[PDB]
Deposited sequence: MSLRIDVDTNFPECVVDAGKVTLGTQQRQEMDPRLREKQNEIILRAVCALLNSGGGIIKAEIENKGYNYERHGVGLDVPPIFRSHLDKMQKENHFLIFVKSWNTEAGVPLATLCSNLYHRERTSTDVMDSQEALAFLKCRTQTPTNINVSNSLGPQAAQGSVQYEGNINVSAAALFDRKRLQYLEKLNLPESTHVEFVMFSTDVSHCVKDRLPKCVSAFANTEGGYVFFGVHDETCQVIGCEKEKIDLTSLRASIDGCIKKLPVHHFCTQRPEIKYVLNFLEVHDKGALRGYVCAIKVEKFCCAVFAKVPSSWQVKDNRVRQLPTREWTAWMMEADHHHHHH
């Protein structure tokens, strides 16, 4: 995202509700993300102008609409204009809007309530950080503990353990390495930032039935390694002196059917964390040295703490 009085060039974009509906999805998402990062940078850099070349001929803003997906909190800071094949976005300074020091596309601080794991919005993130910085408790879920260390389950058995603040069920995807790399950071962030809990990979959430990953698609010792590497890779911010690593425990449960081993469930208990666990670096941006730049976790947190 090039900078060029702060003018940000977002490149070529397709415009219009219908036109963006029908366009290539990966390109649609890429353009929307370029625009949003440019918006976030300018909100955090005193405002500016985004310019973009409209690539679909015959585009007319008043009849066709825009078709970009923008967080509603950001919309009050934006104006938009079409001038022939060019599109302009007027971005006004964030200016401590909503009591949050800076604009953020995604805090990447997850939390869990009942059966739902969700990312914290900026105000939730701020309240969470303020609580964790000011701090200075029994079994988390014994039914889940009993399930966690079992050696074997029956294919398609329905578990009596329900999902809850402390229990999440997640399906494996076909590429289990991508499954863990994409989903586990959110689960670990959420459990560490909430009350701790257990995630069972290979259990279908809507039915609570044991599925497992086919044994031919799993190498146990390397999956255990990759889970450890995923968790060690998670950004954290401490307000404490001891600064412990995230604590977790992993067990592989065998899934049997018709008297043969068929697959595995991956059970992970994540302890409640002293401070903050991020699924990945917060998605917050600024203009710096004539470039759109993501804030490091430490800088984002420091700005958040005022």
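Sequence ranges 1-6, 11-12, 145-164, 335-342 have no coordinates in this entry (deposited sequence, numbered from 1, C-alpha basis).
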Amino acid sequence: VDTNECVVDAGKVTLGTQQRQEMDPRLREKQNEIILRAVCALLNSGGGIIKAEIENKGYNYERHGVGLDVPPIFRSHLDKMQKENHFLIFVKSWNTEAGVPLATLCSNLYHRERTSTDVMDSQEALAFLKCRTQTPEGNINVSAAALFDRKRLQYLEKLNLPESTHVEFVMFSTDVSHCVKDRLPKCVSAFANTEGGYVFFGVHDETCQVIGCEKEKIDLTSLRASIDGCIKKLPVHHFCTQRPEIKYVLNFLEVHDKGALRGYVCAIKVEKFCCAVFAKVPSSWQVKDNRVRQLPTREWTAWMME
From here on, numbers count along this sequence of modelled residues.
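In this entry, 174-182 shows the higher mean Cα temperature factor of the pair 174-182 and 121-129. Averaged over Cα atoms, the B-factor as recorded in the entry is higher for 108-116 than for the other of 151-159 and 108-116. Taking only the listed residues 194, 207, 135, 226, the entry reports the highest CA temperature factor at 135.
The entry lists C-alpha B-factors for 275, 27, 265, 249, and the highest of these is at 27.
Ranked against the other modelled residues of its chain, the C-alpha B-factor of residue 57 as given in the entry falls in the highest third. Residue 141: CA B factor lies in the lowest third for its chain, per the PDB record. When the modelled residues of the chain are ordered by their C-alpha B factor, residue 69 lands in the highest third. In this PDB entry, residue 91 carries a Cα temperature factor that places it within the middle third of its chain's modelled residues. Sorting the modelled residues of the chain by their CA temperature factor places residue 189 in the lowest third.
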